[PDB]
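> Protein chains in written order, with PDB author numbering: chain q, 4 to 83; chain t, 2 to 82; chain M, 1 to 122; chain p, 3 to 89. This is the structure, below, for whatever I ask next.
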Amino acid sequence: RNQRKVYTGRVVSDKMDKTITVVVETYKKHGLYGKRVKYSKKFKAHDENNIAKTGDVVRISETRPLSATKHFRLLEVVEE
Amino acid sequence: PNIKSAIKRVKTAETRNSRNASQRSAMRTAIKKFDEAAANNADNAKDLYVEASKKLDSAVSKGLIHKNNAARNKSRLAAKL
Amino acid sequence: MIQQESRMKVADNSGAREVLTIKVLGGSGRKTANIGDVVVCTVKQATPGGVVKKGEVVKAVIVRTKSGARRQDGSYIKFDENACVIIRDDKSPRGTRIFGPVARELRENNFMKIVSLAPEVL
Amino acid sequence: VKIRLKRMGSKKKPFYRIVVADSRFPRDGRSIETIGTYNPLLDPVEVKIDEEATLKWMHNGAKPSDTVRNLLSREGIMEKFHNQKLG
RNA sequence: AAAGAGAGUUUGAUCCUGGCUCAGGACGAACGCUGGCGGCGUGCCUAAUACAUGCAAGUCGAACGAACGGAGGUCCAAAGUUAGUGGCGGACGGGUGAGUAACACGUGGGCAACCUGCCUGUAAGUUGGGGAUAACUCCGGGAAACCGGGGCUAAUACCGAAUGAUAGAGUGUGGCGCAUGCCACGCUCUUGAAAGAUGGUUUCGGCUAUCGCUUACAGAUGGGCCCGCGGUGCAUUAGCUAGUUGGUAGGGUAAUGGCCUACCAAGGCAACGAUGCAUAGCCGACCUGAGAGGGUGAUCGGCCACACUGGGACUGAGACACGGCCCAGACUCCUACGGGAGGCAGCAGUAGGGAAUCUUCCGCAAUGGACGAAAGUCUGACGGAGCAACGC
RNA sequence: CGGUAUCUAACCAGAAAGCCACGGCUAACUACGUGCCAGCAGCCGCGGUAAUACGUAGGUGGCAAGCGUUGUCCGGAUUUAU
RNA sequence: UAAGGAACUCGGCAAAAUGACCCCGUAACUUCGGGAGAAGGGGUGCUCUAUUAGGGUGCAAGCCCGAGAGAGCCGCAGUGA
Ligand SMILES: [Mg+2]
Ligand SMILES: [Mg+2]
Ligand SMILES: [Mg+2]
Ligand SMILES: [Mg+2]
Ligand SMILES: [Mg+2]
Ligand SMILES: [Mg+2]
Ligand SMILES: [Mg+2]
Ligand SMILES: [Mg+2]
Ligand SMILES: [Mg+2]
Ligand SMILES: [Mg+2]
Ligand SMILES: [Mg+2]
Ligand SMILES: [Mg+2]
Ligand SMILES: [Mg+2]
Ligand SMILES: [Mg+2]
Ligand SMILES: [Mg+2]
Ligand SMILES: [Mg+2]
Ligand SMILES: [Mg+2]
Ligand SMILES: [Mg+2]
Ligand SMILES: [Mg+2]
Ligand SMILES: [Mg+2]
Ligand SMILES: [Mg+2]
Ligand SMILES: [Mg+2]
Ligand SMILES: [Mg+2]
Ligand SMILES: [Mg+2]
Ligand SMILES: [Mg+2]
Ligand SMILES: [Mg+2]
Ligand SMILES: [Mg+2]
Ligand SMILES: [Mg+2]
Ligand SMILES: [Mg+2]
Ligand SMILES: [Mg+2]
Ligand SMILES: [Mg+2]
Ligand SMILES: [Mg+2]
Ligand SMILES: [Mg+2]
Ligand SMILES: [Mg+2]
Ligand SMILES: [Mg+2]
Ligand SMILES: [Mg+2]
Ligand SMILES: [Mg+2]
Ligand SMILES: [Mg+2]
Ligand SMILES: [Mg+2]
Ligand SMILES: [Mg+2]
Ligand SMILES: [Mg+2]
Ligand SMILES: [Mg+2]
Ligand SMILES: [Mg+2]
Ligand SMILES: [Mg+2]
Ligand SMILES: [Mg+2]
Ligand SMILES: [Mg+2]
Ligand SMILES: [Mg+2]
Ligand SMILES: [Mg+2]
Ligand SMILES: [Mg+2]
Ligand SMILES: [Mg+2]
Ligand SMILES: [Mg+2]
Ligand SMILES: [Mg+2]
Ligand SMILES: [Mg+2]
Ligand SMILES: [Mg+2]
Ligand SMILES: [Mg+2]
Ligand SMILES: [Mg+2]
Ligand SMILES: [Mg+2]
Ligand SMILES: [Mg+2]
Ligand SMILES: [Mg+2]
Ligand SMILES: [Mg+2]
Ligand SMILES: [Mg+2]
Ligand SMILES: [Mg+2]
Ligand SMILES: [Mg+2]
Ligand SMILES: [Mg+2]
Ligand SMILES: [Mg+2]
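Take a look at the structure:
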């Protein structure tokens, strides 16, 4: 078979129903100087029933579009 | 139009439009009768249901509906009873 | 029945869009004009970019009125508004096209160009 | 899907590529996978062809043209295709 | 292996800093003087301004309507090689760069959330009925685009039936995954198909060849949707949004999804620049540069958007469709005044704007397209010729 | 396309050269005319009676069926400097 | 009171026009309170869902208060004076 993209981030907002928001950070070279710069992007993940709490590192996986802007589901919670 | 083929195409367009509209109206009316029977009481309903599915299946053989459409409608209205 | 200080909209392609009546030509004490009568008038509202500008003194003819005319056969015609077409020194319009119905009486007043361009001559 | 002949080169000096492409695309436009060359100017025709991808495309339903059929016949692709169909 | 040139100018003379100017290369270039030829290329950059004239998409008699020789009766003549309904194609090919700051494009993936005529292969079948309709012919309205009524007839035109689902439900067994779920197989009931045409043989019945039609399964092809990252100016543009944000049910589509509906909660995005204004099709690439970078998107190839302006749907596998349809708007034209017809950002060509850009040409011979069993028809695609020192 | 490319023979120095520049930057000077006028010009700036800079003639330099001028971009510009 | 709509007049004097309740929306300027009921708009009747959803009252019996939605019905006109 094939594989889907997986992202490990930290829960920021869990006040929706059965879904949360997760920030994923990564570094990148600059266009002309080559310096590391933080780059944080927010995705929306789907949980089973409101398990994850704010400020808990979670791993989420790619899936089909579940809603208008919702394309990820919770894979697990690494820690708090 | 100013092409000899366009006039024939448009005439065939009205003919096919009338035919397809007639069959589509018949199929929608059959579905409406079935869902009216299924929503209120039981009565025949199921007895209607069969021919309703017929109105879909033959329609696929006519070419005015997709096969997936017929299967989806049949499954969705089969859940009422 | 149009006299001085009466407003009536313009029904052709020229820049004018509403007009106020200044004088009724025809006699010393004349005080009323009807279908087929020429009046002196000024432009009170004009569409932007038109040929005829606001505040201009122009002549014009009456094409339809709320109290129309009676024919010799004993029949009557009435419209729902008062309308107007701006004309030149002769009886030719200053616009390109006419809007709305037009009374037949203008055919009897030698306004042959306005009659031809009208969508309907009632 | 046809194994077609694409023309390039210069004025009065044509050179040809044996290429497979769809019949709805431009002659010199988009194509799938080129397989050979064909040079008409020389009196003995020089035609190079893969002879392996050609048979795969023929098996998969790629009907050639008249001159491409002639070239495949002379180079033996058509006869080998018939043998493969029999065997 | 690659690897970079400076000069003049502030002072009575200096040395620094600093700006200005010049020496080089390249144009879809323009203007001036001048002008012999050949090969290969390029030519509205401005008004996505308005368009005379001609040609650019038709084809199938193997499904149903010709002159001649000429059976027959010194006279007319039967059978034998040529309009339309129907099928396929018109969604390809060709042209513009207006709009668009966004999954439009480039790059890399996902679809256990999808479709696909023609093409190839395989497994089954092409068994029986009906009611019509053009064409044609009469009656009218007719200025003309053309409208109605009566009668008559074919089909691979249309509509039921016999039988056939890996289509819907109910179930079972086994093996499995990326949560939703996927795969192989089995059981009972309910639905869904067809068309024949050109020949051969045989007995003539049959049998059979080719092209055809219906259903299912794979391949190939072309599309659909989702996602990570990447490519502009302004903060003298700071808040924006309410089907918006999420959920529970439902409708709709080939498919997931507030795509749409009802209900429930008040969410969501933003100084990592939200929202707004301005400009702009994107890329492979082109010019320059020692290189890093800077400027541009001429020709050609790939993707996208548009077709006088705005909106909508039908037919179709595929369109919300340049040379198809309906409505409104501006313009051009005909009228018997009731009403009708049109869209060169297709190939040539005309007017206008410009400092500035070409023949109202030949041919399907080659390559490629559409139709057909084939000959064959069409192809301003394309193969060629003409003009301009515009470039090498 | 098309009697087209190409080839074969006879005649002919005859039917075929222009543009810009010359004080320095930058290659290349003499005379005449004019006299802060006519004018040239990218800059330094030349022209008021002995002008290698204005116009012409002779000469010379560069390029060549081309040569000059203008408009846009990059370089020189380390003049946004990783 | 037809048509016109300040042409009357020293002067729109007089008359005419707006007017209730609910909802949307609202400018310059500012002493930051205002301007503001700015301006400009939309809805009101009766019947059935329906002794409503829900409230006040009472031990219960019962009695009062009555918003949104749907379907409809009737006039030129529904704060019908
Ligand atoms: Mg997935
Ligand atoms: Mg049936
Ligand atoms: Mg389908
Ligand atoms: Mg061929
Ligand atoms: Mg200088
Ligand atoms: Mg020139
Ligand atoms: Mg000359
Ligand atoms: Mg030449
Ligand atoms: Mg253009
Ligand atoms: Mg025919
Ligand atoms: Mg195209
Ligand atoms: Mg472009
Ligand atoms: Mg029949
Ligand atoms: Mg019949
Ligand atoms: Mg019949
Ligand atoms: Mg069956
Ligand atoms: Mg079965
Ligand atoms: Mg999987
Ligand atoms: Mg079974
Ligand atoms: Mg059946
Ligand atoms: Mg055949
Ligand atoms: Mg056939
Ligand atoms: Mg780039
Ligand atoms: Mg760019
Ligand atoms: Mg749903
Ligand atoms: Mg633009
Ligand atoms: Mg180039
Ligand atoms: Mg440099
Ligand atoms: Mg370019
Ligand atoms: Mg162009
Ligand atoms: Mg391109
Ligand atoms: Mg167009
Ligand atoms: Mg146009
Ligand atoms: Mg359809
Ligand atoms: Mg078309
Ligand atoms: Mg056109
Ligand atoms: Mg053209
Ligand atoms: Mg011209
Ligand atoms: Mg051809
Ligand atoms: Mg061909
Ligand atoms: Mg033709
Ligand atoms: Mg061409
Ligand atoms: Mg050509
Ligand atoms: Mg030119
Ligand atoms: Mg040249
Ligand atoms: Mg000749
Ligand atoms: Mg020759
Ligand atoms: Mg001789
Ligand atoms: Mg001689
Ligand atoms: Mg000679
Ligand atoms: Mg000689
Ligand atoms: Mg000589
Ligand atoms: Mg010469
Ligand atoms: Mg001189
Ligand atoms: Mg000289
Ligand atoms: Mg010289
Ligand atoms: Mg620099
Ligand atoms: Mg009155
Ligand atoms: Mg009144
Ligand atoms: Mg007043
Ligand atoms: Mg007075
Ligand atoms: Mg007064
Ligand atoms: Mg008063
Ligand atoms: Mg006020
Ligand atoms: Mg009423």
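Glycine included, C-beta positions come from ideal geometry on N, C-alpha and C.
Flag this pair as yes or no: are the beta carbons of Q4 (chain M) and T21 (chain M) separated by less than 8 Å?
Cβ distance < 8 Å, so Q4 (chain M) and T21 (chain M) count as in contact.
> From which residue to which residue does the alpha helix (DSSP H) around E52 (chain t) run?
Start and end: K47 to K63.
> Just curious, the beta strand (DSSP E) that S75 (chain p) is in, first and last residue?
Where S75 (chain p) is concerned, there is no enclosing beta strand (DSSP E), although the alpha helix (DSSP H) it sits in stretches over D68 to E77.
> Just the Cα atoms here: how many angstroms apart are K53 (chain M) and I87 (chain M)?
Cα-Cα distance, rounded: 15 Å.
> Rounded C-beta distance between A55 (chain q) and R76 (chain q)? I'm assuming under 8 Å.
In fact, because the Cβ distance is near 12 Å, the residues do not count as touching under 8 Å.
> Tell me whether the stretch 72 to 82 of chain t and the stretch 41 to 51 of chain t touch, counting them as touching only if at least three CB pairs, one residue from each stretch, are closer than 8 Å.
Output reads yes: the stretch 41 to 51 of chain t touches the stretch 72 to 82 of chain t.
> Report yes if the C-beta of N69 (chain t) is less than 7 Å from at least one heavy atom of ligand 3; otherwise report no.
Flag set: Cβ of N69 (chain t) near ligand 3.
> Terminal residues of the continuous beta strand (DSSP E) containing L77 (chain q)?
Per DSSP, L77 (chain q) belongs to the beta strand (DSSP E) from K73 to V80.
> Work out the CA separation of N62 (chain p) and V47 (chain p) for me, nearest whole Å.
Those two C-alpha atoms are separated by around 28 Å.
> How many whole angstroms separate the CB atoms of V102 (chain M) and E120 (chain M), which I take to be in contact at a CB cut-off of 8 Å?
7 Å between Cβ atoms; contact.
> Quick check: the Cα distance between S62 (chain t) and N3 (chain t), rounded to an integer number of angstroms?
Distance between the alpha carbons of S62 (chain t) and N3 (chain t): 35 Å.
> Per DSSP, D12 (chain M) is paired with what?
Partner(s): M:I98.
> What is the C-beta distance between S67 (chain p) and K8 (chain p), in whole angstroms, given that I count them as a contact (C-beta under 8 Å)?
With 8 Å as the limit, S67 (chain p) and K8 (chain p) do not qualify as a contact, their Cβ atoms being about 12 Å apart.
> By how many angstroms is the C-alpha of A23 (chain p) removed from the C-alpha of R32 (chain p)?
Taking the straight line from one Cα to the other gives about 7 Å.
> Is the stretch 26 to 33 of chain t touching the stretch 54 to 69 of chain t in the sense that three or more CB pairs, one from each, lie closer than 8 Å?
Touching, yes.
> How far does the beta strand (DSSP E) with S92 (chain M) in it reach, from first residue to last?
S92 (chain M) -> no beta strand (DSSP E), and no H or E assigned at all.
> Is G68 (chain M) closer than 8 Å to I77 (chain M) when the C-beta atoms are compared?
In contact: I77 (chain M) and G68 (chain M) (Cβ atoms closer than 8 Å).
> From the DSSP output, which residues share a beta bridge with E53 (chain p)?
None, per the DSSP bridge assignment.
> DSSP three-state call for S12 (chain p): helix, strand or coil?
Strand, per DSSP.
> Report back the beta-carbon spacing between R17 (chain M) and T65 (chain M) to the nearest angstrom; my notes put them in contact at under 8 Å.
The pair is not a contact, with the Cβ atoms about 19 Å apart (cut-off 8 Å).
> Counting along the chain, where does the alpha helix (DSSP H) carrying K113 (chain M) start and finish?
Segment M112 to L117, the alpha helix (DSSP H) holding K113 (chain M).
> Given this structure, state the Cα-to-Cα distance separating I79 (chain p) from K15 (chain p), to the nearest angstrom.
So the two alpha carbons sit approximately 28 Å from each other.
> What residue does the alpha helix (DSSP H) around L78 (chain t) start on, and which one ends it?
Element bounds for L78 (chain t): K68 to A79.
> Return helix, strand or coil for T47 (chain M), following the three-state DSSP convention.
The answer is coil: DSSP assigns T47 (chain M) none of H, G, I, E or B.
> Within the stretch 19 to 76 of chain q, note down every full beta strand (DSSP E) run reaching 3 residues or more, in order along the chain.
Fully enclosed beta strand (DSSP E) runs of 3 or longer: 22 to 31, 40 to 49 and 60 to 70.
> Do the stretch 69 to 79 of chain p and the stretch 43 to 60 of chain p meet, that is, are 3 or more Cβ pairs less than 8 Å apart?
Output reads yes: the stretch 43 to 60 of chain p touches the stretch 69 to 79 of chain p.
> Roughly how many angstroms lie between the CA atoms of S92 (chain M) and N34 (chain M), to the nearest whole one?
Answer to the nearest angstrom: the Cα atoms are 19 Å apart.
> Got a sec? Which residues, its chain only, sit under 8 Å from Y36 (chain q) by beta carbon, not counting five neighbours each side?
Correct list: empty, nothing qualifies.
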